[PDB]
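A.B. asks: Let me begin by handing over the structure; questions about it come next.
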Amino acid sequence: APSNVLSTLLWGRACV
């Protein structure tokens, strides 16, 4: 799912 706020930290790794 979209990182939104924390997606960035785990962008392309784990935003869920």
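By convention here, the chains of the structure tokens are called A, B, ... in the order presented, each chain's residues are numbered starting at 1, and ligands are numbered starting at 1 in the order presented.
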Do a neighbour search on residue 16 of chain A at 10 Å with only C-alpha atoms, toss out local chain neighbours closer than 6 positions, and write the hits as a PyMOL selection string.
C.D. replies: chain A and resi 1-3+6-7+10
A.B. asks: Convert the current residue selection to file output with N, CA and C atoms, as an mmCIF file, in the first residue's frame.
C.D. replies:
data_model
loop_
_atom_site.group_PDB
_atom_site.id
_atom_site.type_symbol
_atom_site.label_atom_id
_atom_site.label_comp_id
_atom_site.auth_asym_id
_atom_site.auth_seq_id
_atom_site.Cartn_x
_atom_site.Cartn_y
_atom_site.Cartn_z
ATOM 1 N N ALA A 1 0.862 -1.214 0.000
ATOM 2 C CA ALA A 1 0.000 0.000 0.000
ATOM 3 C C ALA A 1 0.884 1.245 0.000
ATOM 4 N N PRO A 2 0.337 2.380 -0.353
ATOM 5 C CA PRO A 2 1.105 3.663 -0.383
ATOM 6 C C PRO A 2 1.727 3.985 0.970
ATOM 7 N N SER A 3 2.972 4.436 0.944
ATOM 8 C CA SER A 3 3.677 4.784 2.174
ATOM 9 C C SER A 3 2.986 5.945 2.875
ATOM 10 N N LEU A 6 4.888 7.089 6.252
ATOM 11 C CA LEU A 6 6.006 6.201 6.556
ATOM 12 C C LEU A 6 6.452 5.396 5.333
ATOM 13 N N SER A 7 5.741 5.533 4.212
ATOM 14 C CA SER A 7 6.099 4.792 3.000
ATOM 15 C C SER A 7 7.510 5.158 2.560
ATOM 16 N N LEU A 10 10.400 3.162 4.085
ATOM 17 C CA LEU A 10 10.492 1.804 3.553
ATOM 18 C C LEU A 10 10.074 1.786 2.088
#
